[PDB]
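One structure is given here, and the rest of the page talks about it.
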Amino acid sequence: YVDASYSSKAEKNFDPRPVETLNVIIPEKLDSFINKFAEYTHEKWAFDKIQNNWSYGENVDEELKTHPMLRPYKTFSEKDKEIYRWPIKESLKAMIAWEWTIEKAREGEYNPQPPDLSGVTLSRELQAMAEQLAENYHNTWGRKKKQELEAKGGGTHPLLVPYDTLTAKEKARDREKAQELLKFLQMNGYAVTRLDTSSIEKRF
Amino acid sequence: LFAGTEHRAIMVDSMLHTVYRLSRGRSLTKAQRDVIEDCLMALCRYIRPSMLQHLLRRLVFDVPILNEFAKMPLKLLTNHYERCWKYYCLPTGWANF
Amino acid sequence: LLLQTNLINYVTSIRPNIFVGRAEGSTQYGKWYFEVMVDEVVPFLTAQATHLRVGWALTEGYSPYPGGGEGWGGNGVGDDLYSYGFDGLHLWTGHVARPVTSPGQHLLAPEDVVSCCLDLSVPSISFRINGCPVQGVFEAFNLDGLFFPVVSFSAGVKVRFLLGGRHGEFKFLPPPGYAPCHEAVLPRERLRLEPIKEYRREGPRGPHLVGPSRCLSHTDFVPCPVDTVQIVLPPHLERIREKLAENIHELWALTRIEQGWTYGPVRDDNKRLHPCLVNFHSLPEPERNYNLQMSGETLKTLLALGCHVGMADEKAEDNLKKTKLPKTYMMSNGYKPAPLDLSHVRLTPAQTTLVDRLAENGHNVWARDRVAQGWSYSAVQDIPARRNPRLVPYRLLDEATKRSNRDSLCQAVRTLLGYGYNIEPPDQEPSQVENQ
Amino acid sequence: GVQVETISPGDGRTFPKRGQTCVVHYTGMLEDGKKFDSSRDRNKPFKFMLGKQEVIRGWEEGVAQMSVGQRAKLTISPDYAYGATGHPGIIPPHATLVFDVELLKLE
Amino acid sequence: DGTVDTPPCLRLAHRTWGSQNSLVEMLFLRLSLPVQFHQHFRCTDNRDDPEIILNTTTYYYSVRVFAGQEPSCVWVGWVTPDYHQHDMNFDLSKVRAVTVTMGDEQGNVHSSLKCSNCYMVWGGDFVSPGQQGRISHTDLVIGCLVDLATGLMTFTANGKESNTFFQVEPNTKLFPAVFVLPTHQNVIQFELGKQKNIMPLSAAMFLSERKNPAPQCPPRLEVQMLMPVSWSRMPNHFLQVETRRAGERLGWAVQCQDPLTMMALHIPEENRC
Ligand SMILES: Nc1ncnc2c1ncn2[C@@H]1O[C@H](COP(=O)(O)OP(=O)(O)OP(=O)(O)O)[C@@H](O)[C@H]1O
Ligand SMILES: COc1ccc2c(c1)CN(Cc1ccc(C(=O)O)cc1)CCS2
């Protein structure tokens, strides 16, 4: 037997410790990507609406079962644009806090014409970091979820488990989110760097 | 009677977690604790191996601690893998399981 | 409403073991021809008219079982959509008889010769009876299988297959471009007449039950060499790649010296003259570069197959013995070619399996290259017609030639081991083809 | 309404005339492909004399066009056979009859 | 059963869909009774007209692909009684086809007939390339029209006439058939209804209902599935065939002399014995 995920945190109820990055200063030398991709993820949500077969609307309503405030950039208020960037801000903080320096090898630069997909493959070393980042998505998600739950002291959320323990079907939420960020870094050429074990050596 | 409860796997899994969580309970007498442990042992003997996956996931987090509460899970895991070894080892798996 | 009963005759089909088909990149020829001559037919041996049809059938689907079937039983050629028959008066397909016009129409009679033409390019099937064309053709049919000649008959018939060559001289000249069916026999099989998907046969002590028969597919004649697009060889492998071509040429020249080849300005097999039969360095470089493309793939296929190879030893390359041809066994030039001496070299059993895979790939690379040039398989070699007996996938090749390619690849591997380069046999990945 | 399509050639010289007994072996099917009569099953050739209206009128012209030893396929329109009345229990009304007839000899 | 607004139907449902051990594979279904084309073809509100409906030779039936079942995995049409293609990767390219072409002494094609055992349309041809939402709110109702007096077959997507059509020879038997790969609990539904001035299938399958425009689903009409393997009886005796190489110039000779006869039981509607 060879485990597909041949890696471990080697750490240690269950208390998911997040990653401390607010204390350390966030480098802003790559702000051309920080702000652009922060609104690009929400720009991809506009493409998700046309796939939902229900378009975007201006008025707030619960009947369209979609985002009610999604507006074309001509009449799109920046109040929501200036608050949707926060998850991306900490996402870039998270991947840079784990001693992973990012270098811009290249030097350049209502519909998101460039399509960001997740069905393509990627190298093992770089994808391992994305899965580690996806783990940080879950523990931070688990941390805030358990803070509300810990007020009772009895019972626990069914997904309050370590990231390696949960199966793939419940992993695709954080898996695709981390991969999608890595895919955006892939076609542009962002180099982030901190093993080579054959299948025979991975057998039990 | 829990042999063919695949259609109600969600409720059965919740039952297994609750009885297991009861076993790891403070303010329980020794006589009461073994009754809970005996119920958990009996349930895992007839429940299909596929429906024990979530319970095993919880045991993975707890058993390696090897504290005083780990005695019952060790016996539970020993009986589970001895009974269902074909389910994990043989490429064709256990018959009709 | 009520079930109907009637007495019917049993009908059996007989085919040669000749299978042709069309596929993208296939090595098979496209146009085929054969004849069937009728010697004796009893028009009414029983209350039902005697069955006799001639035509082509498809391997994947034509399985006439004795007894019942479509319509009123007695299913033969043209009683389904996998066969296309001709009984002298009608063209049979899909269990439907369509009258056809020929000079002097009559049901198949003694001394009649039926000519069947199969042109897979259109595709089209045409017939001729006693030399006159039959004004009716099957066309635009399926090609997902192999086509074989077939005759369906009841009791009271006596026909002869004319397949050309030594297996029945043709009474009429085949139309231009068509090849006799005897040229389509595979190297590993001998031409014979057999039933079709029989589940029973006679035996010494009694009837023998027979299971399903393994059948080839039209894709089995398409060579599938491993991908070599990733052209990245290590620099130590790149330099030794050209030197490998030098050694294999001498080994190829040496084997020709055993066959009697000598030095000569002209390169002919029958004349046994070879310019390379002097020395590897005296061999012209452009002629040496002829197999340099192949020599480059030989090392590349090692990387392609997954083998781990590197310059483990450099001192081994520097010092090594050189085997030379005996002075008694000299060519016209009289010099002694010096291929690398690798008697001390030994190969692990896993490495021997690698040589077999290397030999299979090398044949397939050569095969698909010839197909792109227009070459096709034929039992009889015809250089002007670009027909070659070895224009077949390696698995279908006969063992005599299969061993010959295996020995040549072994020397090439021995040359690499002679240089001391490490060769790691890949961890073989099993697969199940599921042909049927 | 008789169409005579040859299956196997005969002598091509001798033809049946009026008042001459014809010995034939036949197999009759409905034009959809359902057999209803055949002298082969009874293993006895069928004998009839032309001009006496012993058989259906379709056979009168069809056999007259055949030669001795010839095997032919006769397609008879309903008018030249039983027609609207038909043959009760054998041939449906307005049925076209197809016959495979071999003229064995004349006597 | 047929209600006031719906015709009688034969609905297929997947018993174990979604659950473990569920079997998902290509399913080949057909109705138990065929429709037979006429022996000879003719030369060259929303209420049926009584004179038109009693003289028409066009018959109709439709298949409802329920929402959730992918139209791309549904094929609707007809099969001849000699269809035995149990392909797990079926598509319209696997359908057996052959063209028989007749001509005079010098070319001059005067007859080109087309033969097949499966006349179907693909459900994937009746879906617009919308951005997504391919599982539609509306079920796909593919209708099939056959004119027994002309041999012409036409199809309708959602009431819109499709471009595909087929032509068949007289006396052809066609079974209403659907080939589907299940993707939902509700898969398909044979709708044995009728259109305006068009008779239902029950009018063509049964002699006693030729002039009855009311749709019917008699008990004999049922859904049949294609079974890959069946039991068959081995004959007690087999033809003795002698094969030998008569010589270099004579070739290979086939010979069979001893007669063999069996008593065949023929099933009329299935055209097999
Ligand atoms: N580069 C190559 N050229 C020709 N044959 C090759 C080559 N590499 C391998 N082979 C093998 O050689 C056999 C066919 O060789 P071929 O018939 O061309 O030989 P030949 O007639 O002696 O050569 P030539 O055509 O150059 O006179 C096949 O088994 C094929 O796999
Ligand atoms: C595996 O590789 C092979 C296998 C078989 C043959 C050749 C190369 C050689 N090719 C032509 C050739 C002959 C001699 C030379 C030379 O001596 O330089 C180069 C090419 C076809 C003849 S059989």
Side-chain angles (χ1 to χ4, degrees), chain C residues 1 3-10 12 14 16 37 39 45-46 48 61 65-73 80-82 84 91 93-96 98 100-101 135-142 144 151 153-163 166-169 192-195 199-200, chain E residues 80-85 93-108 111-117 169 232-235 237-269 271-273:
Chain C
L1 302 179
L3 303 175
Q4 312 300 325
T5 57
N6 192 19
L7 295 181
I8 62 173
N9 300 333
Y10 281 97
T12 309
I14 291 297
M37 187 173 184
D39 296 331
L45 188 61
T46 58
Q48 195 180 24
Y65 293 93
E70 294 292 337
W72 275 98
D80 53 353
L81 288 177
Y82 300 95
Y84 318 93
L91 293 181
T93 177
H95 199 57
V96 176
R98 292 178 173 82
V100 72
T101 299
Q135 306 166 207
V137 291
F138 305 98
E139 56 184 1
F141 47 85
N142 301 88
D144 54 331
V151 290
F153 54 87
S154 179
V157 302
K158 194 170 304 177
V159 299
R160 287 183 292 101
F161 272 99
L162 301 183
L163 305 178
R166 304 186 304 102
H167 304 271
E169 183 184 14
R192 73 176 184 273
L193 265 49
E194 57 179 2
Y199 57 86
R200 176 263 181 192
Chain E
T80 69
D82 63 326
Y83 183 89
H84 310 276
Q85 195 169 0
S93 62
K94 304 299 180 55
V95 176
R96 301 296 95 177
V98 59
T99 299
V100 185
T101 290
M102 304 294 184
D104 64 2
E105 325 296 331
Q106 49 279 340
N108 299 16
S111 180
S112 180
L113 297 177
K114 196 171 304 178
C115 309
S116 177
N117 55 6
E169 302 181 30
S232 182
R233 181 187 183 277
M234 296 179 56
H237 305 283
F238 299 84
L239 286 181
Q240 303 297 327
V241 183
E242 289 74 13
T243 61
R244 50 173 293 270
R245 185 177 182 178
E248 300 281 55
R249 304 179 67 261
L250 298 183
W252 295 75
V254 192
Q255 181 175 348
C256 183
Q257 305 303 137
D258 298 331
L260 275 186
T261 303
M262 86 163 196
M263 192 174 183
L265 185 80
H266 179 72
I267 304 180
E269 66 275 10
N271 196 22
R272 51 180 282 266
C273 75

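Letters A, B, ... mirror the listed sequences (proteins, then strands); counts begin at 1. Reckoned from all heavy atoms, side chains included, excluding hydrogens, waters and symmetry mates.
Heavy atoms of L193(C) lying under 4.5 Å from chain E belong to its backbone as well as its side chain. Both the backbone and the side chain of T12(C) come within less than 4.5 Å of a heavy atom of chain E. For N142(C), the parts lying under 4.5 angstrom from a heavy atom of chain E are both the backbone and the side chain. For a residue to count as touching a neighbouring chain, one of its non-hydrogen atoms must lie under 4.5 Å from one of that chain's; by this rule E105(E) touches chain C with backbone and side chain alike. In this structure, chain C has a heavy atom under 4.5 Å from the side chain of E169(E), while its backbone stays farther away. Proximity to chain C (any heavy atom under 4.5 Å) is restricted, for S116(E), to the backbone atoms N, CA, C and O. Only the side chain of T46(C) comes within contact range of chain E, with heavy atoms under 4.5 Å apart. With a threshold of 4.5 angstrom between heavy atoms, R245(E) approaches chain C through side-chain atoms but not through N, CA, C or O. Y84(C) touches chain E through its side chain: at least one heavy atom from C-beta onward sits under 4.5 Å away, while N, CA, C and O do not. With a 4.5 Å cut-off on non-hydrogen atoms, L162(C) touches chain E through its side chain but not through its backbone. Both the backbone and the side chain of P259(E) come within contact range of chain C, with heavy atoms under 4.5 Å apart. Contacts of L7(C) with chain E are made by both backbone and side-chain atoms, with heavy-atom separations under 4.5 Å. With a 4.5 angstrom heavy-atom cutoff, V100(E) touches chain C via backbone and side-chain atoms both. Proximity to chain C (any heavy atom under 4.5 Å) is restricted, for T243(E), to the side chain, taken from C-beta onward. For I14(C), the part lying under 4.5 angstrom from a heavy atom of chain E is the side chain only. Looking at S93(E), only its backbone comes within 4.5 Å of chain C, counting heavy atoms on both sides.
Highest contact tally toward chain C, considering only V95(E), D104(E), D258(E), is held by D104(E) [criterion: heavy-atom pairs under 4.5 Å]. In terms of heavy-atom pairs under 4.5 Å with chain E, the best-connected choice from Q48(C), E194(C), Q4(C) is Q4(C). Interface remark: of the candidates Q257(E), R244(E), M234(E), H237(E), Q257(E) forms the most heavy-atom pairs closer than 4.5 Å to chain C. Interface remark: of the candidates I267(E), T80(E), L113(E), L113(E) forms the most heavy-atom pairs closer than 4.5 Å to chain C. The choice from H266(E), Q240(E), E269(E) that makes the most heavy-atom pairs within less than 4.5 Å of chain C is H266(E). If you tally non-hydrogen atom pairs under 4.5 Å between each of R272(E), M262(E), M263(E), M102(E) and chain C, the highest count goes to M262(E). Most heavy-atom pairs under 4.5 Å with chain E: of the set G168(C), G73(C), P66(C), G94(C), this distinction falls to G168(C). When each of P16(C), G68(C), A155(C), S154(C) is checked for heavy-atom pairs under 4.5 Å with chain E, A155(C) comes out on top.
In this structure, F238(E) and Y199(C) have perpendicular ring planes: the angle between them is above 60°, well past the 30° mark.
Under the 4.5 Å side-chain criterion, counting only non-hydrogen atoms from C-beta, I8(C) is not in contact with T261(E). Between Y65(C) and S232(E) the shortest side-chain heavy-atom distance does not fall below 4.5 Å. Side-chain contact between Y10(C) and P235(E) is present, with at least one heavy-atom pair separated by less than 4.5 Å. Taking 4.5 Å as the limit, every side-chain heavy atom of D80(C) sits out of range of all side-chain heavy atoms of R96(E). Side chains of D82(E) and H95(C) form no contact here, defined as non-hydrogen atoms less than 4.5 Å apart.
Other residues, nucleotides and ligands place no more than 12 heavy atoms under 6.0 Å from the CZ atom of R249(E). Atom NZ of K94(E) has more than 12 neighbouring heavy atoms from other residues, nucleotides or ligands inside a 6.0 Å radius.
At distances below 3.5 Å, not a single donor-acceptor pair connects side-chain atoms of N271(E) with backbone N or O atoms of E70(C). The closest donor-acceptor contact from the side chain of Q255(E) to the backbone of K158(C) lies at 3.5 Å or more, if one exists at all.
A pairwise comparison of heavy atoms in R160(C) and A246(E) identifies CD-CB, 4.5 Å as the closest pair.
Distance check, rounded to the nearest 0.5 Å: CD of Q85(E) to OH of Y82(C) gives 4.5 Å.
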